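What follows is the content of structure_27.tsv, which has TSV, C-alpha atoms and all ligand atoms:
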chain	number	residue	atom	x	y	z
A	1	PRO	CA	4.84	34.64	-10.68
A	2	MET	CA	3.02	33.21	-13.67
A	3	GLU	CA	1.99	29.96	-11.93
A	4	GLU	CA	1.14	29.21	-8.32
A	5	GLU	CA	1.19	26.00	-6.30
A	6	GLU	CA	-0.44	25.25	-2.95
A	7	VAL	CA	1.93	23.48	-0.56
A	8	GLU	CA	1.09	22.03	2.84
A	9	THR	CA	3.98	21.70	5.27
A	10	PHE	CA	3.63	19.28	8.21
A	11	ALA	CA	5.79	18.62	11.24
A	12	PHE	CA	6.74	14.98	11.72
A	13	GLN	CA	5.32	13.48	14.88
A	14	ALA	CA	7.99	14.06	17.55
A	15	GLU	CA	9.13	10.45	18.00
A	16	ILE	CA	9.25	9.87	14.25
A	17	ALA	CA	11.33	13.01	13.78
A	18	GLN	CA	13.65	11.58	16.41
A	19	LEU	CA	13.71	8.16	14.75
A	20	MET	CA	14.65	9.86	11.46
A	21	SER	CA	17.70	11.68	12.86
A	22	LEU	CA	18.75	8.44	14.57
A	23	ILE	CA	18.55	6.61	11.25
A	24	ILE	CA	20.39	9.42	9.44
A	25	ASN	CA	23.11	10.32	11.91
A	26	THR	CA	24.02	6.85	13.19
A	27	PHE	CA	26.25	4.45	11.27
A	28	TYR	CA	24.52	1.20	10.25
A	29	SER	CA	26.03	-1.68	8.29
A	30	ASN	CA	23.01	-3.56	6.86
A	31	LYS	CA	21.52	-0.68	4.83
A	32	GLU	CA	20.36	-2.84	1.90
A	33	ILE	CA	17.24	-3.80	3.88
A	34	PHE	CA	15.67	-0.51	2.81
A	35	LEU	CA	14.72	-2.22	-0.47
A	36	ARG	CA	12.97	-5.12	1.27
A	37	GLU	CA	10.97	-2.61	3.32
A	38	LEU	CA	9.68	-0.64	0.33
A	39	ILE	CA	8.89	-3.81	-1.64
A	40	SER	CA	6.87	-5.09	1.38
A	41	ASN	CA	4.91	-1.83	1.41
A	42	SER	CA	4.12	-2.25	-2.26
A	43	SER	CA	3.18	-5.87	-1.57
A	44	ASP	CA	0.84	-4.80	1.26
A	45	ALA	CA	-0.80	-2.14	-0.96
A	46	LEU	CA	-1.36	-4.70	-3.70
A	47	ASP	CA	-2.94	-7.18	-1.22
A	48	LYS	CA	-5.20	-4.33	-0.22
A	49	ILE	CA	-6.40	-3.46	-3.70
A	50	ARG	CA	-6.79	-7.14	-4.44
A	51	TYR	CA	-8.95	-7.51	-1.31
A	52	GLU	CA	-11.19	-4.62	-2.30
A	53	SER	CA	-11.69	-5.92	-5.84
A	54	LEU	CA	-13.10	-9.21	-4.53
A	55	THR	CA	-16.27	-7.39	-3.43
A	56	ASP	CA	-15.90	-4.60	-5.98
A	57	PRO	CA	-14.28	-5.47	-9.34
A	58	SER	CA	-14.96	-1.87	-10.44
A	59	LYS	CA	-12.01	-0.89	-8.25
A	60	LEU	CA	-9.65	-2.39	-10.85
A	61	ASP	CA	-10.90	-0.09	-13.62
A	62	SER	CA	-7.94	2.19	-12.88
A	63	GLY	CA	-5.69	-0.64	-14.08
A	64	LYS	CA	-5.94	-4.44	-13.75
A	65	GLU	CA	-2.23	-5.38	-13.66
A	66	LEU	CA	-1.02	-5.89	-10.06
A	67	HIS	CA	2.75	-5.52	-9.94
A	68	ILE	CA	5.90	-3.73	-8.80
A	69	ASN	CA	8.52	-1.98	-10.94
A	70	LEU	CA	12.05	-0.98	-9.94
A	71	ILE	CA	13.66	1.86	-11.88
A	72	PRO	CA	17.26	2.94	-11.29
A	73	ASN	CA	18.21	6.20	-12.98
A	74	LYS	CA	21.94	6.90	-12.85
A	75	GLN	CA	21.62	10.38	-14.46
A	76	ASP	CA	19.32	11.59	-11.69
A	77	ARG	CA	20.81	9.26	-9.11
A	78	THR	CA	17.36	7.96	-8.18
A	79	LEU	CA	15.92	4.55	-7.39
A	80	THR	CA	12.18	4.37	-7.93
A	81	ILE	CA	9.82	1.73	-6.58
A	82	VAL	CA	6.44	1.68	-8.29
A	83	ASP	CA	3.45	-0.47	-7.43
A	84	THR	CA	-0.09	-0.62	-8.75
A	85	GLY	CA	-1.43	-0.97	-5.22
A	86	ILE	CA	-4.26	0.71	-3.32
A	87	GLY	CA	-2.41	4.03	-3.29
A	88	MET	CA	-3.03	6.71	-0.65
A	89	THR	CA	-5.61	9.46	-0.26
A	90	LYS	CA	-4.26	12.85	0.76
A	91	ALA	CA	-5.36	12.10	4.33
A	92	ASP	CA	-3.63	8.66	4.16
A	93	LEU	CA	-0.38	10.40	3.19
A	94	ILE	CA	-0.68	12.91	6.00
A	95	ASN	CA	-1.82	10.56	8.78
A	96	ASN	CA	0.14	7.43	7.89
A	97	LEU	CA	3.39	8.95	6.65
A	98	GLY	CA	4.58	11.20	9.44
A	99	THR	CA	1.85	12.89	11.41
A	100	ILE	CA	0.25	10.13	13.48
A	101	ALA	CA	2.23	8.50	16.30
A	102	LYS	CA	3.07	4.78	15.97
A	103	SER	CA	2.91	2.33	18.88
A	104	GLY	CA	6.27	0.73	18.06
A	105	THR	CA	8.47	3.80	17.49
A	106	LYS	CA	9.62	4.35	21.07
A	107	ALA	CA	10.24	0.61	21.45
A	108	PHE	CA	12.24	0.50	18.21
A	109	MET	CA	14.36	3.44	19.32
A	110	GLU	CA	14.95	1.57	22.58
A	111	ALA	CA	16.00	-1.55	20.66
A	112	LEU	CA	18.44	0.47	18.51
A	113	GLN	CA	20.11	1.91	21.63
A	114	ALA	CA	20.73	-1.64	22.87
A	115	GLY	CA	22.30	-2.36	19.48
A	116	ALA	CA	19.50	-3.91	17.40
A	117	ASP	CA	20.15	-4.32	13.66
A	118	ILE	CA	18.09	-1.83	11.55
A	119	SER	CA	16.72	-4.85	9.66
A	120	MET	CA	14.26	-5.25	12.57
A	121	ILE	CA	12.72	-1.87	11.67
A	122	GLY	CA	9.74	-3.47	9.92
A	123	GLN	CA	8.54	-5.23	13.06
A	124	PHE	CA	7.71	-1.94	14.69
A	125	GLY	CA	5.44	-0.11	12.27
A	126	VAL	CA	8.06	2.33	10.93
A	127	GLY	CA	9.67	0.40	8.05
A	128	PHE	CA	9.26	3.22	5.51
A	129	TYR	CA	11.91	5.29	7.26
A	130	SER	CA	14.59	2.73	6.35
A	131	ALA	CA	14.63	4.65	3.07
A	132	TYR	CA	16.67	7.39	4.76
A	133	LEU	CA	19.46	4.90	5.29
A	134	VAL	CA	20.31	5.47	1.62
A	135	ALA	CA	18.32	8.55	0.54
A	136	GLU	CA	18.98	12.19	1.32
A	137	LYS	CA	15.46	12.88	0.06
A	138	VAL	CA	12.37	10.84	-0.66
A	139	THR	CA	9.42	11.72	-2.86
A	140	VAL	CA	6.18	9.75	-2.69
A	141	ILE	CA	3.70	10.20	-5.51
A	142	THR	CA	0.40	8.43	-4.99
A	143	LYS	CA	-2.93	7.97	-6.69
A	144	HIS	CA	-5.87	6.48	-4.84
A	145	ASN	CA	-9.09	5.52	-6.65
A	146	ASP	CA	-11.48	8.37	-5.83
A	147	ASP	CA	-8.99	11.11	-5.12
A	148	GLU	CA	-6.33	13.17	-6.91
A	149	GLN	CA	-2.66	12.28	-7.42
A	150	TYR	CA	-0.51	13.72	-4.63
A	151	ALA	CA	3.19	14.17	-3.95
A	152	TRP	CA	4.66	13.74	-0.43
A	153	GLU	CA	8.24	14.86	0.09
A	154	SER	CA	10.90	15.20	2.77
A	155	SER	CA	14.66	15.51	3.28
A	156	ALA	CA	14.13	15.13	7.02
A	157	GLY	CA	15.00	18.13	9.15
A	158	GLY	CA	11.74	17.37	10.96
A	159	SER	CA	9.29	18.23	8.22
A	160	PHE	CA	7.49	17.01	5.10
A	161	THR	CA	5.27	18.60	2.44
A	162	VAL	CA	2.18	17.38	0.60
A	163	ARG	CA	0.91	18.88	-2.66
A	164	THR	CA	-1.29	18.04	-5.63
A	165	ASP	CA	1.10	16.32	-8.05
A	166	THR	CA	1.74	18.11	-11.34
A	167	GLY	CA	3.56	15.15	-12.85
A	168	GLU	CA	2.61	12.36	-15.21
A	169	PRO	CA	-0.68	10.67	-14.12
A	170	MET	CA	-0.41	7.22	-12.59
A	171	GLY	CA	-3.81	5.55	-12.85
A	172	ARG	CA	-3.54	3.84	-9.46
A	173	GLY	CA	-0.76	3.16	-7.00
A	174	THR	CA	2.34	4.55	-5.38
A	175	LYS	CA	5.76	5.58	-6.66
A	176	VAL	CA	8.54	6.00	-4.07
A	177	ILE	CA	11.48	7.96	-5.43
A	178	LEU	CA	14.77	7.77	-3.59
A	179	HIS	CA	17.26	10.56	-4.24
A	180	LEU	CA	20.30	8.53	-3.20
A	181	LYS	CA	23.23	9.76	-1.09
A	182	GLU	CA	26.44	9.94	-3.11
A	183	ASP	CA	28.03	6.98	-1.32
A	184	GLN	CA	24.95	4.77	-1.90
A	185	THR	CA	24.99	4.57	-5.71
A	186	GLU	CA	25.53	0.79	-5.65
A	187	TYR	CA	21.74	0.56	-5.34
A	188	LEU	CA	21.50	1.78	-8.93
A	189	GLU	CA	23.54	-1.20	-10.09
A	190	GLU	CA	21.57	-3.92	-11.87
A	191	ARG	CA	23.60	-6.68	-10.24
A	192	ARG	CA	23.35	-5.23	-6.74
A	193	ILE	CA	19.58	-4.77	-7.03
A	194	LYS	CA	19.06	-8.32	-8.33
A	195	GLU	CA	21.21	-9.73	-5.58
A	196	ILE	CA	19.28	-7.78	-2.97
A	197	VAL	CA	15.84	-8.77	-4.23
A	198	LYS	CA	16.77	-12.45	-4.37
A	199	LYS	CA	18.24	-12.36	-0.85
A	200	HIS	CA	15.49	-10.36	0.85
A	201	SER	CA	12.32	-10.18	-1.23
A	202	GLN	CA	11.47	-13.66	-2.49
A	203	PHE	CA	8.08	-14.01	-0.79
A	204	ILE	CA	6.32	-11.28	-2.72
A	205	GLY	CA	3.08	-12.53	-4.21
A	206	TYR	CA	3.48	-10.24	-7.21
A	207	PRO	CA	5.67	-9.96	-10.33
A	208	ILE	CA	8.59	-7.59	-9.88
A	209	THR	CA	10.32	-6.07	-12.90
A	210	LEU	CA	13.69	-4.31	-12.95
A	211	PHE	CA	13.95	-1.81	-15.77
A	212	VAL	CA	17.59	-1.45	-16.82
A	213	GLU	CA	18.61	1.51	-18.97
B	301	LIG	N1	3.54	1.67	-1.40
B	301	LIG	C1	2.54	2.02	-0.54
B	301	LIG	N2	1.24	2.00	-0.91
B	301	LIG	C2	0.26	2.35	-0.04
B	301	LIG	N3	0.47	2.75	1.23
B	301	LIG	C3	1.73	2.82	1.71
B	301	LIG	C4	2.85	2.45	0.84
B	301	LIG	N4	3.97	2.61	1.56
B	301	LIG	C5	3.60	3.05	2.79
B	301	LIG	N5	2.27	3.17	2.88
B	301	LIG	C6	1.50	3.60	4.07
B	301	LIG	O1	2.38	4.19	5.03
B	301	LIG	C7	2.35	3.46	6.26
B	301	LIG	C8	3.72	3.45	6.91
B	301	LIG	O2	4.46	2.39	6.29
B	301	LIG	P1	5.68	1.71	7.09
B	301	LIG	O3	6.45	0.78	6.18
B	301	LIG	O4	6.45	2.76	7.85
B	301	LIG	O5	4.88	0.84	8.21
B	301	LIG	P2	4.01	-0.51	8.03
B	301	LIG	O6	4.23	-1.11	6.67
B	301	LIG	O7	2.58	-0.24	8.44
B	301	LIG	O8	4.72	-1.41	9.17
B	301	LIG	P3	6.25	-1.99	9.10
B	301	LIG	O9	6.86	-1.43	7.84
B	301	LIG	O10	6.96	-1.45	10.32
B	301	LIG	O11	6.04	-3.50	9.14
B	301	LIG	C9	1.83	2.07	5.89
B	301	LIG	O12	1.02	1.51	6.91
B	301	LIG	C10	0.95	2.33	4.69
B	301	LIG	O13	-0.39	2.57	5.13
B	302	MG	MG	6.31	-1.42	5.73

Kindly present the structure from the file in C-alpha cells form.
Amino acid sequence: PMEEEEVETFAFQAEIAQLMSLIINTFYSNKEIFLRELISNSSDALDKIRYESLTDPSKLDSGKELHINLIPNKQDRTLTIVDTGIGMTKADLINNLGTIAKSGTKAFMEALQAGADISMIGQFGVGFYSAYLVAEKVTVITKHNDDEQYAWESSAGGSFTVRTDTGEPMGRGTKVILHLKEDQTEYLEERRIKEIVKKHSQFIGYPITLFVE
C-alpha cells in the first residue's frame, strides 16, 4: 500500500483478560462508576505532573494548565476524557495497561463472585477496566514529556495494540476515548454526565469542563 504503520499486538496478562470477560459478560447495575474511575486516573496523573514540576518547572513547558475535559460526541457515539496529566511513555502503556500482573486482580475477581458491587473495582488496582462496563472499545492516546504520542487500543478478546499515534498532537497528557455500547448512550447526555460527576467525582483537585455540542 502507499502508507505503512507499525503495530504492536500484546496479550493481556491472563488474570486481567479474565477480569475483562467477567466485566463484559456479567450483568452489573451500577455501571455509572466507570466515569468516576477515569476521572480519578486523570486526577492521579495531574498530581503526578504537579509533583514533578515542584523540583522541575521545565516539565510544565508542554502546557501549564492542569485540568480535565469531558467530550461527548453523539455522532461518533464516543465519550472522551482528556487530562493534561503526566501522560504515559510507550513502556508505561504496555506495562501498566494490560501486560503486568496486578496484586489485587485475583482478589477482586473473588469479591465479584461473592457478589461485590463493581464500584469497589478501584480499591484493587484495576479501575481502568470499569470502562468496559459501557464501552465496546477503548482507545487511549497519550503523550509523555520526553517521548512520542502513542495510541493504545482494545475491544477485549484478550488483546490490545500499541502504535505511534498519527492523530492531532496533544502537548502533554492522556485522552481516553470510549466507543460506547448502543444501550449506554445516556452517558453522552449532558444532564446524565453532570449528575454523575456531582454524585461521584466531587473531590477532584482540578477544574473539570464538560464540552457540550
Ligand atoms: N489518565 C491517565 N494518565 C496517566 N496514567 C494512567 C491514566 N490512566 C491510567 N493510567 C495508568 O494505568 C494504570 C492502571 O490504572 P487503573 O485505574 O486500572 O489502576 P490504578 O489507578 O493504579 O488503581 P485503581 O484504579 O484500582 O485504584 C495506572 O496505575 C496508571 O499508571
Ligand atoms: Mg484508577

Checklist line | Exercise answer, 8 Å around ligand LIG 301 (chain B) with all atoms listed in the file, as a ChimeraX atom specification | finding: /A:37-46,82-83,85-88,92-93,96-97,121-129,142,173-176

Next item on the list: Show me as an MDAnalysis selection string the residues that reach within 12 Å of (19.2, -1.4, 19.4), counting all atoms listed in the file and using the file's own coordinates.
Entry: chainID A and resid 19 22:23 26 28 106:121

Hey, which bits of region 14-118 of chain A sit within 12 Å of region 187-190 of chain A, and for each residue what's the closest pair of atoms and how far apart in Å (one decimal), counting only C-alpha atoms, rows by chain and increasing number, as CSV?
residue,atom,partner,partner_atom,distance
A:31,CA,A:187,CA,10.2
A:32,CA,A:187,CA,8.1
A:33,CA,A:187,CA,11.1
A:34,CA,A:187,CA,10.2
A:35,CA,A:187,CA,9.0
A:70,CA,A:188,CA,9.9
A:71,CA,A:188,CA,8.4
A:72,CA,A:188,CA,5.0
A:73,CA,A:188,CA,6.8
A:74,CA,A:188,CA,6.5
A:75,CA,A:188,CA,10.2
A:76,CA,A:188,CA,10.4
A:77,CA,A:188,CA,7.5
A:78,CA,A:188,CA,7.5
A:79,CA,A:188,CA,6.4
A:80,CA,A:188,CA,9.7
A:81,CA,A:188,CA,11.9

Checklist line | Selection near residue 24 (chain A), 9 Å with all atoms listed in the file, sequence-local residues under 2 positions removed, as a PyMOL selection string | finding: chain A and resi 19-22+26-27+132-134+136+156

Hey, what's within 9 Å of residue 7 (chain A) if we count only C-alpha atoms and toss same-chain stuff fewer than 3 positions away? As a CSV table (one decimal) with C-alpha atoms, keeping the file's coordinate frame, please?
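What landed in part_14.csv:
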chain,number,residue,atom,x,y,z
A,161,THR,CA,5.3,18.6,2.4
A,162,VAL,CA,2.2,17.4,0.6
A,163,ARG,CA,0.9,18.9,-2.7
A,164,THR,CA,-1.3,18.0,-5.6

Item checked: Residue nearest ligand MG 302 (chain B) among A:130, A:10, A:165, A:94 (counting all atoms listed in the file) -> A:130

Check: Smallest atom-to-atom distance to ligand MG 302 (chain B): which of A:12, A:36, A:102, A:206, using all atoms listed in the file?
Finding: A:36

Would you mind completing region 95-110 of chain A so that it carries N, CA and C atoms, and writing it out as a compact mmCIF listing (two decimals), keeping the file's coordinate frame?
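As written to disk, part18.txt reads:
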# COMPACT_ATOMS: atom_id res chain seq x y z
N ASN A 95 -1.68 11.26 7.50
CA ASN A 95 -1.82 10.56 8.78
C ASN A 95 -0.81 9.44 8.93
N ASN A 96 -0.61 8.68 7.84
CA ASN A 96 0.14 7.43 7.89
C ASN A 96 1.61 7.60 7.60
N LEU A 97 1.97 8.69 6.93
CA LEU A 97 3.39 8.95 6.65
C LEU A 97 3.97 10.17 7.36
N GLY A 98 3.80 10.25 8.67
CA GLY A 98 4.58 11.20 9.44
C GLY A 98 3.89 11.86 10.61
N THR A 99 2.58 12.04 10.48
CA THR A 99 1.85 12.89 11.41
C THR A 99 1.26 12.15 12.61
N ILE A 100 0.84 10.91 12.40
CA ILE A 100 0.25 10.13 13.48
C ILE A 100 1.27 9.23 14.17
N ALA A 101 1.31 9.29 15.50
CA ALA A 101 2.23 8.50 16.30
C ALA A 101 2.03 6.99 16.05
N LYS A 102 3.13 6.24 16.08
CA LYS A 102 3.07 4.78 15.97
C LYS A 102 3.41 4.12 17.31
N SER A 103 2.72 3.02 17.61
CA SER A 103 2.91 2.33 18.88
C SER A 103 4.36 1.88 19.06
N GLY A 104 4.97 1.39 17.98
CA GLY A 104 6.27 0.73 18.06
C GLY A 104 7.51 1.61 18.01
N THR A 105 7.33 2.91 17.74
CA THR A 105 8.47 3.80 17.49
C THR A 105 9.40 3.88 18.70
N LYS A 106 8.84 4.25 19.85
CA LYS A 106 9.62 4.35 21.07
C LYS A 106 10.38 3.04 21.29
N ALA A 107 9.65 1.93 21.26
CA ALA A 107 10.24 0.61 21.45
C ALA A 107 11.37 0.34 20.45
N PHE A 108 11.19 0.76 19.19
CA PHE A 108 12.24 0.50 18.21
C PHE A 108 13.46 1.36 18.49
N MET A 109 13.24 2.59 18.94
CA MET A 109 14.36 3.44 19.32
C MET A 109 15.12 2.83 20.49
N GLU A 110 14.37 2.32 21.47
CA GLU A 110 14.95 1.57 22.58
C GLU A 110 15.80 0.41 22.08
